[PDB]
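Single chain ahead, by itself, as structure tokens, in the form deposited in one PDB entry.
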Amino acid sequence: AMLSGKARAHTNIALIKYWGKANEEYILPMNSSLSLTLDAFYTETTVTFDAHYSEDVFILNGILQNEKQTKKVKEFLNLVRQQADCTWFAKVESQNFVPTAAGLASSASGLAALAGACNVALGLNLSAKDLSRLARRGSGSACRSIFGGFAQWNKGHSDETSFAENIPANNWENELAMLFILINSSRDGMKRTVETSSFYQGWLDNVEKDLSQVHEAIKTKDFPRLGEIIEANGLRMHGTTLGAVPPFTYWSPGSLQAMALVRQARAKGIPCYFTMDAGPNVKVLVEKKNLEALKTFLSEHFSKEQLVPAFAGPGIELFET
């Protein structure tokens, strides 16, 4: 009396940022967002539901997780169980394929993979749209990792209408790369910013414009246009935290050094553009045909261990056990 499933999902990096929840219970976002799914970083997850299990168990990278590290997995297991009318405890075993001791966020790839594995194990037979809706309830950004390449999370207005979809780009994403500069809370800083920042309305008033321009850059394969929009959108998101009460920044000293070096690279004719999420690492969007020039430039202040490249990656892969 057991049911099991497995999935692999890749990480994605938001170009137009997800930033603020309109509804916390269902993770419906204040604004739509757009990401690129990456080949380099991913999660592999298996889940087992078994009548003989006596409690929910989460093992990550071979290590038993404690109640605090298991809280998000357990809330996702509870809602997929309630939706199946399933009364069994589960065991989740996951491995994050990311750089060791690097601060990469694996909630996108982790929750997407778990959603896919549960979909298989419980035989939910979800379409890609409904699987994205399910993954959305685990982690907002996970709903975009259902898809490969460019993907947009439409904010919708309800559980039924908030979900992601691939953005056809006539394979332009296979000409692009992202270089991660590894530099020595997301959900709480976001909530504080939505509820208290004098700058948050300025964030909202500019997202739709940014999304339209990204769509137009994609349709014309205009890399400098794309890069300018996404770099400014990321800086706008980080500006909002300085208007929160109390104010805060996600940046570290090394973040600013990296951002400054990207601007210098661009001054020397290397078209590249940075973005940051809720932490200090700096991701650099660059065309493949320019990636080695960019790595050559940043060698002077960063070891090779700090420069990890990534390319466009596929949507979720589901596996029967």
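Shifts are known only where both forms have a C-alpha. The term rigid core refers to the maximal set of C-alpha atoms that superpose within 1.5 Å between the two forms. One-based numbering along the sequence shown.
- For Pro168, the fraction of other compared entries lacking coordinates, among those that model flanking residues, is zero, nowhere near a third.
- Per the records, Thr100 is among the residues left out by at least a third of the other compared entries, whereas the shown structure includes it.
- Per the record, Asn184 and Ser185 are separated by 4 to 9 deposited residues that are missing from the model.
- Averaged over Cα atoms, the B-factor as recorded in the entry is higher for 289-297 than for the other of 289-297 and 45-53.
- Mean C-alpha B-factor is higher over 305-313 than over the other stretch, the pair under comparison being 305-313 and 12-20.
- Taking the deposited Cα B-factors for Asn61, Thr37, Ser33, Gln257, the highest one is held by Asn61.
- The PDB entry assigns the greatest CA B-factor among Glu175, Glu195, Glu208, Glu228 to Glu175.
- Per the PDB record, residue ranking by Cα B-factor puts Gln201 in the middle third of the chain.
- For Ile27, the recorded CA B-factor ranks within the lowest third of the chain. Only modelled residues enter the ranking.
- In the deposited entry, the Cα temperature factor of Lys268 sits in the top third of values across the chain's modelled residues.
- Among all modelled residues in its chain, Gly103 ranks in the highest third by Cα B-factor.
- In the PDB entry, a CA B factor belonging to the middle third of its chain's modelled residues is recorded for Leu179.
A second form of this protein, the form deposited in another entry, is not displayed here; the remarks below concern that form.
- Looking at CA displacements between this form and the one not shown with the core superposed, a shift of 2 Å or more is confined, among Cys86, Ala232, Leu104, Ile167, to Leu104.
- In that other deposited form, the CA atoms of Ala101 and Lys74 draw together by 3 angstroms or more relative to this form.
- In summary, the C-alpha positions of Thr45 and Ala101 converge in that other deposited form, ending up at least 3 angstroms nearer each other than in this conformation.
- Relative to the superposed core, just one shifted segment between this form and the one not shown, defined as three or more consecutive residues with every Cα moved by 2 Å or more, spans 98-105.
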